[PDB]
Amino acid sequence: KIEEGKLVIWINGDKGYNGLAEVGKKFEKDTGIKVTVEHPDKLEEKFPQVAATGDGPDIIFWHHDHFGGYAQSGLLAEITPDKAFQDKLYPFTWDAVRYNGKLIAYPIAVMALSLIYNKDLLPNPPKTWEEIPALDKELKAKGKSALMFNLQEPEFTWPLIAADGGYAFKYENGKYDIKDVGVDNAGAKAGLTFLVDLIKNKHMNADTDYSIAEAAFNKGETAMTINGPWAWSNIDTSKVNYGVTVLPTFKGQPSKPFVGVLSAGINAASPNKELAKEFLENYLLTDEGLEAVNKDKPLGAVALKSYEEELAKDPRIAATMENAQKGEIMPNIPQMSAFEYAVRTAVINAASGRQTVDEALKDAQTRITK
C-alpha cells in the first residue's frame, strides 16, 4: 500500500530534514516527482511495524547497526551500484552496509568519537594513553583535571579496551561468527586494566556521566574530554577554546572506536526502487546534495570521497574520519544488544570494585557467546 509516483522520506527531526527537503525540490524540478520529508515520533520503531505490512516510506535514514536486523527480515532491497559508483566511496563503508555477502544500504554520514581539548590548558594533546596519568598530576596542582568523559556506556570506553586486539564478533569472509567473541582475550584485558587503574589512582571518577563531563569541560575545568560532532555547539556557546584530534594509541596501537554510519535503505515493498536509487546516487550523494543537508543541520564526516576532501578542511572533521578508519565497524546484528548489556555491566562492576577485570570480562564473554 505504498505510493508509486512520488517519494516519502523518514528522517529524525534532529537532522537536516530541510536541506533534505531542498534536495527534494531539485529532484522535483528535474523529474517532476514530488518528495515528502516527514519526522514521525520515534521512527526507528515505526518503520519495523509499518514496513512489515508492505507500508511506510520509500527511504529510511538511520544508523546502520539496526539495518542488519531489518535485512534478516527482508525489509530492505539489495541495492545495485556498479564497480565505478562503488569507487566513489571509501571501501570500508560498504562493509558497514553488507549482509550475507550483499549490499543493502547507502552510506551517508560517518561518526566516531574523538579527543577534545582546551587549547588554553593544553597547547598540545597527548599521542599516547600511557602519558595521561602524569599529565593529570601536573594539572591538579592548579585546580584543574586532565580528562573527564562519560564512563557509564560502552560507546565511550570500548576504544581503549580493544586497541590491543579485542573485538565484538570474528569476521572475515562476509559472515560474522556469533560464537566467536573477543572481549575476553589478552588485548581486551590489557585495555580494561589500564582504565580501571586510572580510576583507582583518582585520575578519574566512576560516576562521571555525560552531563557532568560536558558541564565540567564547558565551564573550563577539565583539559580534555571525549565526544562526537553532536556536542560541538554547546562548546561554541560556552566560550572555551577547543580542538579535536586523533585518539591516543595503546601499547603502540591505535584506539579502536566503534564506527557508525548514517544510512539510507530502500523499502523492499517500495514500488519506487529506481527513483529512490536515482535520488540517492545522483542527487543526495553529490557535493551539492551533502552540502544542502549539512547546512540546515551539520552532518559531521561523510563517505563520499570528493566531498569528504572538502569538509576535511575543518580539523574537527578530518580527525573524525581518521579515527573511523582505525576503528571497528559496529556489527549490524541483533546480538550487539547482548554485547552492550554485558560490557556496560562489566565496566561498571570493574570500576566499582565489585569485580576484577579478569572476572568481569569472563562473565560478559560467556554472556554474549551464550
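Each residue number is its position in the shown sequence, starting from 1.
Enquirer: Quick one: say whether 5 to 13 or 19 to 27 has the higher mean Cα B-factor in the deposited entry.
Expert: Going by the record's values, the stretch with the higher mean is 19 to 27.
Enquirer: Between 190 to 198 and 232 to 240, which has the larger average Cα B-factor in the PDB entry?
Expert: According to the PDB entry, the answer is 232 to 240.
Enquirer: Highest CA temperature factor in the entry: which of 249, 72, 263, 80?
Expert: Top of the list by C-alpha B-factor: 72.
Enquirer: Return the residue from 206, 76, 284, 226 that has the highest Cα B-factor in the entry.
Expert: Of the options given, 206 has the highest CA B-factor in the PDB entry.
Enquirer: Using the B-factors in the PDB entry, rank residue 67's C-alpha atom against the chain and give the third, lowest, middle or highest.
Expert: Within its chain, residue 67 is a middle-third residue by C-alpha B-factor, going by the deposited values.
Enquirer: Using the temperature factors of the C-alpha atoms in this entry, rank residue 99 within its chain: lowest, middle or highest third.
Expert: For residue 99, the deposited C-alpha B-factor lands in the highest third.
Enquirer: How does the C-alpha B factor of residue 339 compare with the rest of the chain: lowest, middle or highest third?
Expert: It belongs to the middle third of the chain when residues are ordered by C-alpha B-factor.
Enquirer: Can you tell me which third, lowest, middle or highest, the CA B-factor of residue 147 falls into for its chain?
Expert: For residue 147, the deposited C-alpha B-factor lands in the middle third.
Enquirer: Taking only the Cα B-factors deposited for this chain, tell me whether residue 180 sits in the lowest, middle or highest third.
Expert: It belongs to the highest third of the chain when residues are ordered by C-alpha B-factor.
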